[PDB]
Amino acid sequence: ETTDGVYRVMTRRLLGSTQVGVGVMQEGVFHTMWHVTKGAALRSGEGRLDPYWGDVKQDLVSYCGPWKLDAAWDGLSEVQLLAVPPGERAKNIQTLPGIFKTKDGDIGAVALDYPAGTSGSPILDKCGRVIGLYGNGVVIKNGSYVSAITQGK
């Protein structure tokens, strides 16, 4: 299976089938986040997807080819997080992103808390392009989660 779309990343080295993260498949390349797979290779039915590019600082990795996702938050509009939680349905969540202010620029951020195995779920603009991956973020005073809209180059 390499049909474009969103996929779950499962494993069996622990108790039963366990969703460790999410990813998107586009133009024959599978894009997820580095902490999901730690670069390890994946299987899809008969096949085997091997890593192609990765970067621990960006927390990104792509399989079977170069990173293909190049859409960005315009900033202004809201966006949807296509959350694929473990054991649960893919669900779309609309929100207006905030801002991670860094030394090298600003990044969009979504204030959406979901179980750990939701990491790598895509974030969409109103025209359907994937603008980033959910899962790398911070914990705030209130205790819940803020994730960056992490995109590749």
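If you superpose the two forms and keep the largest set of C-alpha atoms that fall within 1.5 Å, you have the rigid core. Residue numbers here begin at 1 and follow the sequence given.
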RMS CA shift, core-fitted in 4 other deposited structures of this protein, bigger for 132-140 or for 12-20: 12-20
Residue range whose averaged C-alpha B-factor is higher in the record, 44-52 or 31-39: 44-52
Stretch with the higher entry mean CA B-factor, where the candidates are 102-110 and 57-65: 102-110
Residue of maximum C-alpha B factor among 135, 132, 23, 16, per deposited coordinates: 16
Cα B factor band for residue 115 (lowest, middle or highest third within the chain): middle
Assigned third (lowest, middle, highest) for the C-alpha B factor of residue 123: lowest
